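Working through the structure, step by step
Listed here are the chains, written in short residue letters.
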Amino acid sequence: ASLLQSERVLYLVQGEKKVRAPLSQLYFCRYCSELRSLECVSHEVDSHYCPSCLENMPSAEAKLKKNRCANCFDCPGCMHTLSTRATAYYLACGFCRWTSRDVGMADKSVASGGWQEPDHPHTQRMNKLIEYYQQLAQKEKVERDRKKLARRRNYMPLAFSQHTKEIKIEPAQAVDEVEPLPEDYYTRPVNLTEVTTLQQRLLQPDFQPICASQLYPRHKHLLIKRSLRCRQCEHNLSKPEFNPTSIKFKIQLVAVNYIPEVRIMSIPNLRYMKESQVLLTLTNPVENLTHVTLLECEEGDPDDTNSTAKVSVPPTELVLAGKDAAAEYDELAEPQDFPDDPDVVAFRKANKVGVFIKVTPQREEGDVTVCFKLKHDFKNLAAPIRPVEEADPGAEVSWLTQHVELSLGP
Amino acid sequence: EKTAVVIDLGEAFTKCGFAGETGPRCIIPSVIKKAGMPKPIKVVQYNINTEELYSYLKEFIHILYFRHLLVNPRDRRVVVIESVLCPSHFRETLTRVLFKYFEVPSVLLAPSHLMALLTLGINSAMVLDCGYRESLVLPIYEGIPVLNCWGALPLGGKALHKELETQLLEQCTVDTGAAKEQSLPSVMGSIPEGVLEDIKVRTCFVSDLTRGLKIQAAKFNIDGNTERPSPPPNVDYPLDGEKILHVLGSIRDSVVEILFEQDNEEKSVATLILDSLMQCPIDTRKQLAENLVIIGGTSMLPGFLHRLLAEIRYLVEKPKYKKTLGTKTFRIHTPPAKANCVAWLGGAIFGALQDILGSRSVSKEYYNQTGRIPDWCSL
Amino acid sequence: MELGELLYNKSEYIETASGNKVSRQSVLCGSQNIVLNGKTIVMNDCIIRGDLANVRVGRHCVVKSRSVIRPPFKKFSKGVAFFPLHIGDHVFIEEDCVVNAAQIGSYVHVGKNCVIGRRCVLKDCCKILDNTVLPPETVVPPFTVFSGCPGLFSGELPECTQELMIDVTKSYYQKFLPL
Amino acid sequence: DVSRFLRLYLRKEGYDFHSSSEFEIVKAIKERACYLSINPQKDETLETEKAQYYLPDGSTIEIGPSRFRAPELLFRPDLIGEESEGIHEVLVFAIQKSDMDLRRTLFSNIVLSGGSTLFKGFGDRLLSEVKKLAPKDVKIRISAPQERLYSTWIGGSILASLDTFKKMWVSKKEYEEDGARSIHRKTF
Ligand SMILES: Nc1ncnc2c1ncn2[C@@H]1O[C@H](COP(=O)(O)OP(=O)(O)O)[C@@H](O)[C@H]1O
Ligand SMILES: Nc1ncnc2c1ncn2[C@@H]1O[C@H](COP(=O)(O)OP(=O)(O)O)[C@@H](O)[C@H]1O
Ligand SMILES: [Zn+2]
Ligand SMILES: [Zn+2]
Ligand SMILES: [Zn+2]
């Protein structure tokens, strides 16, 4: 993904918004015939979990607990998951040696149950204001409803019947003179250790304190398990109910697991001329493909193009064997030996075929970029078939063109 | 119905959380770390192409709705707090991102000043908003914002950060750790905005009116021989590990004065209240004066509220404002949440009102049909 | 380089046995307790100490040069002892990297010159970036990237790591041959 | 006030003119590019060209919809929130306040003066806005001179030249003897 530079050769997406992304990041949509990007697809929320103590919490409990773990804590000074140490328990960090004793929080007899965050200072005033505005909003709703049904009736405010407990909040008292800056600030050395930085100030927003002794450790933030759903298609992919300590997908779907992935095996000279060898591995068990197209003339956004890649080669039938094969186990005649193609095809191993592209570098100053279209026989299986019961000839016949953009090192 | 989310996109920091809460859940720098870019690009930028702005806001809102808040965007409503006279194309884009990409049920474009008034409970009050870009004031009288008597000056965070950078480069004394124990000037051509902001918050403070008025005349040096008050002690600040910048005591209490300096025009952060209040209707004068509100993170700076209220009462006695605003009692309101998170708290208090929210707010079905967001400009 | 893995020619001196290749330059003081079941690679000047260990490594494990894998000591009131670490399947430890980690999960790409702290657990399908410090007793979830001197959540990985990482470690092993 | 309200709309387009010097170039922007639409609602729905204006420094600014919806506040000052009649209203009200016999002749003789009538399509809008308020089938002639800005002075220049002016003005010795009223009583 990162070790090999997947962020070089990119695949194009069809729709409203055109995007150039690596095949590793993209997803293939099986309901229809069009691969779509992580940007294009809509995101959902499945499950919440703590990154320290991996515990799958339900959606209801998260809303009550404000998307936080009760047991785990993150240090305020540096941003790292704290650890309980005994002597009878105090909270301490590994990276920085900030303790819970420093700020002056008393040690608890019970390990987890004892620790808590103080109640918000303006929580009582809050509820009183909500209830005042709630009652006041309810009056406007009744007024707006009464006005709307009178318009809908269209009786011109005809008086058939006779027309027409209060909550009163006291408004906050305005101070005559606000407290001045203490005379300590004048003629006193300022230790930058004692006062807190903006980053660690703002992590505790309810009462962001200037001094470090006031700054208490906040609960550790819960992380999210994303599930993707498309515009046209319904489902796409999702994750299990035990995503904590699991790398399994409930429905595995990705562009590399359907569309044939292209990789630049060899990179030649960048001095005005060369011959680059690229591989075209298949992922499907049995299929056919072809890199025939030259991306037309000024069509399909070929603005990035800074070279003329010929790739004048007819289709080559490659197949993947999901099994541990030996070094040159058997030599097939019709697949390998019959299309010898010594100039075009470099090598043909198991689920692998090297192809020579004749690029024209140094058309611009530098940063050589090549546009070429790749075709493949997509066994869609859109119609109802149990273990390939249906023939799926019309599906296999369908030729899907992916506009690839390979970027040479330069 | 579900508890509607509140977002407040600012140049420096964005406030995020859920309605009917004591304060915002997440507050973070309004930036995004794009691959290739060493410094992260700012998400809100006025006067750029729509497509480039659309991509930045799409990237940012995604981070807010998944990494910071954990909730589906399509399920529950939005309460977008944005200041009055926010650029047209920016607000149009922000809504278009929420309605098209995320497919939110309904957005409510509340003005920050009217939201700040709800938190106190008082129906009428003057509201000063000392933000990053511009320090804006807007009188709110019994629910109606008075756009006629608006006021704005570029004396916020950005103007203060720039002033600090200028002063530090003049009196530049850093200990690199390479025979740089001796005072070394301007080793680095520019100082990054992240450092300048941290220096401002920790080192620099707002002086008293009496001491400040002397500092103004001192640096001017208006036919006087060393008429400055005794500064605080010099604070040593680390830059990128090894390099230790010695911050001069004069810089700490002089950097702030650019806000409260008259500069001939008679245009300070203090004057902007009195300039607006004098332009207000004659009946509204005494009610607005008595109910002052000071929001924005720039006013959090230590001893700002005392200097402002003092500087007001001094500028009152000045002959221009002496006639109209002579015998007026200026009293400041202390909001429940902190000065930075007053704007957000209003939107949450408003978001808790499910019945009024749905009616006032613009539904997606209306936007998809029309493609016209309602504004204070003509329809 | 552009998806394709590049050639690396090894010298004559290297201990090739049952698929497992271990550079003779690289000392592994404590050969008894350390175990390499699969076709593992250990590059030159690397350390795998047997300080009361049980260092089990993967099928296609890779450890680049100047890199150390030492077990951590558990500060227990009952008895202070070195906790035996278990490197997962298809693990890629990058060059000049320090590892004091207990239980490193399968299909992981540990970055270059990155110090992992004492008693540090890593779950499967994660990636630590280069010049990063994971503090002692930290956990990293699957499909995650931890970075910075603090060592905290930077973002998420590509969905296809389980399938992709197999190609990387196996290709490197296959491409890494004698001159 | 139109210059002040244009500055507000220019900040709503995203261009600040905070300085007192920068207020002068807002007055220049107004004077250069600001057209009064006959129907304001139709021009708002229509997508603007966004005509570029060049500043003294050299920088370009796209004004867009602020161009036409700024001077509209003359004809409809309730939009911003200023309690006034309006330029179309004050003209009609002034005629309607006068005696019934003169109304027809006063509608038949209207003269535009000053600089805040030179707005492009001012006469076109005013004629339309006056007609609907004024009585039906009444002849409304809004006779603008070519020198509207300098009309007030030219009048004084003609008045001053006449021998009657010699009688009208107040002498320095008259002001010393008569008192303060001298200037007020001779005014008319
Ligand atoms: N707690 C604080 N203490 C001191 N200064 C602060 C604090 N929070 C923010 N600031 C400063 O004041 C500014 C407040 O800007 P803010 O109101 O968050 O942005 P915006 O005006 O774009 O909504 C910040 O840029 C920062 O420089
Ligand atoms: N060509 C013009 N187009 C639009 N507005 C103009 C034009 N010329 C002047 N103005 C406006 O009219 C003002 C001039 O008013 P003026 O006629 O001098 O008033 P007075 O009659 O009191 O002397 C300018 O400040 C400007 O706002
Ligand atoms: Zn689809
Ligand atoms: Zn936890
Ligand atoms: Zn810490």
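cryo-EM is the method the PDB entry states for this structure, with the resolution given as 4.5 Å.

**A closer look at the overall build of chain A**
Helix and strand counts for chain A come out as six helices and 14 strands. Against the compact-globule benchmark of 22 Å for 410 residues, chain A has a radius of gyration of 33 Å, which places it well outside the compact range. Along the three orthogonal principal directions, the C-alpha set of chain A runs to about 95 × 80 × 50 Å.

**Remarks on the overall build of chain B**
For chain B, the helix and strand inventory stands at 15 helices and 18 strands. Relative to a compact globule of 379 residues, whose C-alpha radius of gyration would be 21 Å, chain B shows 23 Å and is just as compact. With respect to the principal axes defined by its C-alpha atoms, chain B has extents near 70 × 60 × 35 Å. Restricting the contact set of chain B to residue pairs at least 6 apart, pairs at least 24 apart contribute 69%.

**Thoughts on the packing of helix α6 (residues 209-220) of chain B against helix α11 (residues 304-317) of chain B**
Residues and elements named next belong to chain B. For the pair α6 and α11, interaxial distance at closest approach is 10 Å and the crossing angle is 75 degrees. Judged by the inter-axis angle, α6 sits roughly perpendicular to α11. Between α6 and α11, the residues in contact are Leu209, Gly212 and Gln216 and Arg307, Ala310, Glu311 and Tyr314, respectively.

**Focus: the packing of helix α3 (residues 124-153) of chain A against helix α3 (residues 112-120) of chain B**
Close contact between α3 of chain A and α3 of chain B brings their axes to 9 Å; oriented N to C, the two are set at 110 degrees. Between α3 of chain A and α3 of chain B, the angle is such that the two are roughly perpendicular. When α3 of chain A is examined against α3 of chain B, the residues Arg125, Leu129 and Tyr133 of chain A are found in contact with a partner set consisting of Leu118, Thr119 and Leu120 of chain B. Counted by class, the contact of α3 of chain A with α3 of chain B contains four nonpolar, one polar and one charged residues.

**Regarding the sheet that holds strand β10 (residues 276-280) of chain A**
Strand order across the open sheet formed by three strands is β9-β10-β12 (chain A), with antiparallel pairing between neighbours. Each having just a single partner strand, β9 (262-263) and β12 (354-357) of chain A make up the two edges of the open sheet.

**Some remarks on the interface of chain B and chain A**
On the chain A side, the residues contacting the 71 residues of chain B number 63 residues. Element by element, the count of residues in the side of chain B that touches chain A is highest for helix α1 (residues 50-68) of chain B, at six residues. Each residue belonging to the side of chain B that touches chain A can be placed in one class, and the counts come to 36 nonpolar, 15 polar and 20 charged.

**Some thoughts on the arrangement of the chains**
Considering every one of the four pairs of chains in contact, the largest contact total is recorded for chains A and B. Between chain A and chain D there is no contact; the minimum C-alpha to C-alpha separation amounts to 23 Å. One thing to see here is that chain C and chain D don't touch, and their nearest C-alpha atoms sit 34 Å from each other.

**As for the environment of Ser254 of chain B**
Residue and element names in this part refer to chain B. As for its position among the elements, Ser254 is in helix α7 (residues 249-254). Taking the C-alpha atoms as reference, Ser254 lies 8.8 Å from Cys204; in sequence the two are 50 residues apart. Discounting residues that sit within four places of it in the chain, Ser254 has contacts with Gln167, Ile215 and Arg228. Only 3.4 Å separates the side chain of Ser254 from the backbone oxygen of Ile251, close enough to count as a polar contact.

**Some thoughts on the environment of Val174 of chain B**
Take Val174 of chain B: it is sitting in strand β14 (residues 174-175). Beyond its immediate chain neighbours, meaning those up to four positions away, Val174 of chain B contacts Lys180, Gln182, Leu184, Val187, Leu239, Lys243, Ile244 and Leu245 of chain B.

**What to know about the pattern of salt bridges**
Between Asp198 of chain B and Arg202 of chain B there is a salt bridge, with the nearest N and O atoms lying 3.1 Å from each other. With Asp198 of chain B and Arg202 of chain B both in helix α5 (residues 193-202) and four residues apart, the pair spans about one turn of that helix. Measuring nitrogen to oxygen at the nearest pair gives 2.8 Å for the salt bridge that ties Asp253 of chain B to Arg228 of chain B. Here the residue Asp253 of chain B occupies a position in helix α7, and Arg228 of chain B occupies one in the loop between α6 and β15 (235-239), the gap between them amounting to 25 residues. When salt bridges with common partners are traced through the structure, they connect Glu44, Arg229 and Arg231 of chain A together with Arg74 and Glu103 of chain B into a single cluster.

**Some thoughts on unusual backbone geometry**
Residue and element names in this part refer to chain C. The phi dihedral of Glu2 falls on the positive side, at around 55 degrees, and the residue is not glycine. Inspection of the secondary structure puts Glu2 in the segment before β1 (8-10). Despite not being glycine, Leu3 has its phi angle at roughly 75 degrees, a positive value. Within the secondary structure, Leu3 is located in the segment before β1.

**Quick look at the sheet that holds strand β14 (residues 399-407) of chain A**
Backbone hydrogen bonds are what pair the strands of a sheet, in a parallel or an antiparallel way. Residue and element names in this part refer to chain A. In spatial order, the strands read β2-β1-β14-β13-β11; together these five strands make up an open sheet with antiparallel pairing. Of all strands in the sheet, those bounded by a partner on one side alone are β2 (20-21) and β11 (289-290). Here two bridges tie strand β1 (residues 10-12) to β2, and the two strands are oriented antiparallel to one another. Each bridged residue has a counterpart across the sheet, and for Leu12 the counterpart in β2 is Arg20.

**Things to note about the pairing of strand β16 (residues 144-147) of chain C**
Residue and element names in this part refer to chain C. Across two bridges, strand β13 (residues 127-128) lies against β16 in parallel orientation. Its bridge partner being in β16, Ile128 is matched across the sheet by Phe146. Bridge count between β16 and strand β17 (residues 152-156): four bridges; the pairing is antiparallel. For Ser147, the partnering residue across the bridge sits in β17 and is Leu152. Hairpin connection from β16 to β17: four residues lie between these consecutive antiparallel strands, with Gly148 at a positive phi of about 85 degrees.

**Focus: the packing of aromatic side chains**
Judged by centre distance (5.2 Å) and plane angle (65 degrees), the rings of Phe260 of chain B and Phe304 of chain B are edge-to-face. Within this pair, whereas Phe260 of chain B is found in helix α8 (residues 257-260), its partner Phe304 of chain B is found in helix α11, the two being separated by 44 residues in sequence. Three or more aromatic residues joined by ring pairs make a cluster, and in this case those are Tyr8, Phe92, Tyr172 and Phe176 of chain C. Seen from the ring of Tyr186 of chain A, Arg211 of chain B lies directly overhead, with NZ or CZ sitting 4.7 Å from the centre.

**Observations concerning the side chain of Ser227 of chain A**
All names here are of chain A. Residue position: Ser227 is located in strand β8 (residues 223-229). Among the polar contacts listed, one links the side chain of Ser227 to the backbone oxygen of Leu237, at a separation of 3.0 Å. Side-chain polar atoms of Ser227 contact the side chain of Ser238, separated by 3.5 Å. The residues contacting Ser227, other than those within four sequence positions of it, are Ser42, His43, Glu44, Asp46, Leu237 and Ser238.

**Looking at the environment of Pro84 of chain C**
Structurally, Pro84 of chain C is set in the loop between β8 (81-82) and β9 (92-93). C-alpha separation for the pair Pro84 of chain C and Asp51 of chain C, spaced 33 residues apart in sequence, amounts to 9.2 Å.

About the thresholds
Residues numbered from 1 in each chain as written, not as in the entry; some residues may be left out. Chains lettered and ligands numbered in written order. Part of a larger assembly, values for the part shown. Heavy atoms only, no water. Residues with missing side-chain atoms left out of burial classes, pairs and counts. Helix = DSSP H or I, 4+ residues; strand = E, 2+ residues; numbered from the N terminus. Rg over C-alpha atoms; globule rule 2.2 N^0.38 Å. Contact = heavy atoms within 4.5 Å. Axes fitted to C-alpha atoms, helices over the stretch in contact; angles between N-to-C directions. Parallel < 35°, antiparallel > 145°, perpendicular 65-115°, else oblique. Nonpolar A, V, L, I, M, F, W, Y, C, P; charged D, E, K, R; others polar. Pairing = 2+ DSSP bridges. Polar contact = N/O pair within 3.5 Å; in protein donor to acceptor, adjacent residues only side chain to side chain. Salt bridge = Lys/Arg side-chain N within 4 Å of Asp/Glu carboxyl O. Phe/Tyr/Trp six-rings, centres within 6.5 Å; stacked < 30°, edge-to-face > 60°. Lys NZ or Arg CZ within 6 Å of the ring centre and 35° of its normal.

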